[PDB]
Amino acid sequence: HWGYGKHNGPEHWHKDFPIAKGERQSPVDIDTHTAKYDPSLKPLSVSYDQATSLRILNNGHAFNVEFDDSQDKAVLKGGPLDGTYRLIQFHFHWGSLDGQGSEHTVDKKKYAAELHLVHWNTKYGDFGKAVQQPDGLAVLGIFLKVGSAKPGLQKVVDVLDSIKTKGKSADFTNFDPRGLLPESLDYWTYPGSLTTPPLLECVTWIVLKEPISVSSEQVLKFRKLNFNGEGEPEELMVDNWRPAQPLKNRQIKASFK
Ligand SMILES: NS(=O)(=O)c1nc2ccccc2[nH]1
Ligand SMILES: [Zn+2]
């Protein structure tokens with residue numbers, strides 16, 4: 001149905017998903033001068049010691065690294081959140097070239113890519129119930145810039161040749177998502193939405209200020225994936241990002257001065 005092309009891309013999504021033009025859509029531009037430091041925000045708690053990765057899937061839009069979320073093994077708490085959010089998957093958005101790819105922007109700056117660690121509020125029992133609630137998800141967003149390689153990303157890039165096309169998956173056990181984090185957990189936070197259909201308005205966004213660096217070779221390998229299925233005309237999986245949406249009646253808070 002939807003995708004990232006001229007005929008089925010973000011400017012078309014509202015026809016099937018009218019909430020695309022809602023009051024709390026993501027991503028947004030983060031204006032660093034306007035975001036207010038909120039000394040009442042807590043440090044984030046990222047508890048991934050017990051994370052259990054299982055599988056990696058090309059879903060025709062991005063690739064998802066999936067976790068066992070059947071118990072509290074990898075959780076996000078604290079920061080602007082009440083309660084416990086279980087890691088279910090992470091994925092990335094990236095560009096055809098290094099000057100674009102991120103969904104959030106910072107003073108209109110686009111990064112080469114953006115990692116989203118998606119977590120759901122355990123008070124709602126399962127992910128499908130959580131996405132129906134305004135506090136159902138917390139997505140931790142991390143920007144990628146191109147420079148030095150990120151050692152903890154190389155196991156993901158190494159497997160991508162085995163999931164080149166839509167619907168392919170590969171065993172992906174024992175991957176430690178702690179190796180994707182930057183040093184600082186300073187962040188911005190605001191209420192928003194999933195950035196792909198169904199675009200539901202159920203996310204507390206937590207976007208880290210410090211980007212991680214990845215190498216040119218690492219991001220080149222992302223761009224060799226395919227949106228299409230096996231044997232279909234090749235369409236490189238590039239520019240799978242939604243542009244910034246109107247901020248409307250929202251405030252972006254900073255955890256840091
Ligand atoms: N790009 S995202 O907002 O992190 C996101 N996670 C998602 C999980 C399921 C369906 C749509 C999604 N969109
Ligand atoms: Zn995403």
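All residue numbers in this chain count up from 1 along the given sequence. Start at 1 and go down the list; that is how both ligands and their atoms are numbered. Just the heavy atoms: all of them, side chains too, but no hydrogens, waters or symmetry mates, feed the values below.
- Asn226 and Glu234 form a side-chain donor-acceptor contact under 3.5 Å, judged by distance and modelled atom types alone.
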TODO: Let me see the working for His12 and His7 under ring-ring contact (aromatic ring centres under 6.0 Å, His included), right down to the final yes or no.
DONE: CA-CA 7 Å; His12 290 274; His7 300 280; 7.1 Å; no

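- Remark: side-chain polar atoms of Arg24 are paired, donor with acceptor, to backbone N or O of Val203 under 3.5 angstrom.
- The Zn ion (ligand 2) has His91 NE2, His93 NE2, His116 ND1 as protein N, O or S atoms under 2.8 Å away.
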Task: ring-ring contact (aromatic ring centres under 6.0 Å, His included) between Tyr111 and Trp241, worked out - done: CA-CA 11 Å; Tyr111 286 89; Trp241 48 276; over 10 Å; no

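- Closer than 4.0 angstrom to ligand 1 lie heavy atoms from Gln89, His91, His93, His116, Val118, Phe127, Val139, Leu194, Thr195, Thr196, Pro197, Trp205.
- Side chains of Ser26 and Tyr190: a donor-acceptor N/O pair is present below 3.5 angstrom, by distance only.
- Cation-pi geometry between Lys166 and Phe227 is not satisfied (NZ or CZ under 6.0 Å from the ring centre, within 45° of the ring normal).
- In this pair, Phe222 and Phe63 present their aromatic rings perpendicular. The plane angle is above 60°, beyond the 30 to 60° band.
- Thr195 and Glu103 form a side-chain donor-acceptor contact under 3.5 Å, judged by distance and modelled atom types alone.
- With a 4.5 Å cut-off on side-chain heavy atoms, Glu66 and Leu57 count as touching.
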